[PDB]
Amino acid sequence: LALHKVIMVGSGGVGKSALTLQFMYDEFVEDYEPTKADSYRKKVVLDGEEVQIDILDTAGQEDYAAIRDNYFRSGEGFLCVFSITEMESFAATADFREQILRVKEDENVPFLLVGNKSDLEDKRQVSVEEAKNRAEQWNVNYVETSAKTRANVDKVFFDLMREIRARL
């Protein structure tokens, strides 16, 4: 089977684990240990082809730069998550983008900008416009998700796999 290696990146509390666990187990998990990194593997039927997705849910604990870079080098695609309710998490996406680009040396690395917590519109700190503008500057797609309601959860994982399939 094709193996699509996806890495979840983003600052703390944005919903990396909640997105991963909603995709894997169809549950909204609100208390997943913030410091725990884990990998998840699932067989999925992508546009009618059975593939395996491997998701690395990062938790920011790896501080040794060579090891972090080694992990990013192994990844084939990235979900770069921020929370629409935390502007600083959106600012932080620039750092993950640069880290990925330094390692992959390919501006067309499969990569989605993911604005999570779309069910908290009344707490929005990041405008759709500014996120779309950043995605346009980077030539990536912007998708808003909710790990709580499941909105666009399958979409971000499937669309990332579609970019891996097309580009690699």
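Here, rigid core means the biggest group of C-alpha atoms that superpose within 1.5 Å across both forms. In this text, residue numbers run from 1 along the sequence as written.
- After superposition on the rigid core, the larger root-mean-square Cα deviation in 8 other deposited structures of this protein belongs to 27-35, not to the other of 27-35 and 50-58.
- Note on 64-72 and 128-136: with rigid core alignment, C-alpha atoms in 8 other deposited structures of this protein sit farther from this form for 64-72.
- Note on 126-134 vs 37-45: mean CA B-factor is higher in 37-45.
- The mean Cα B-factor in the deposited entry runs higher for 57-65 than for the other of 57-65 and 107-115.
- If you compare the C-alpha temperature factors of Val143, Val140, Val51, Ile100 in the entry, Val51 comes out highest.
- When the modelled residues of the chain are ordered by their C-alpha B factor, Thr85 lands in the middle third.
- Sort the modelled residues of the chain by CA B factor and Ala166 lands in the middle third.
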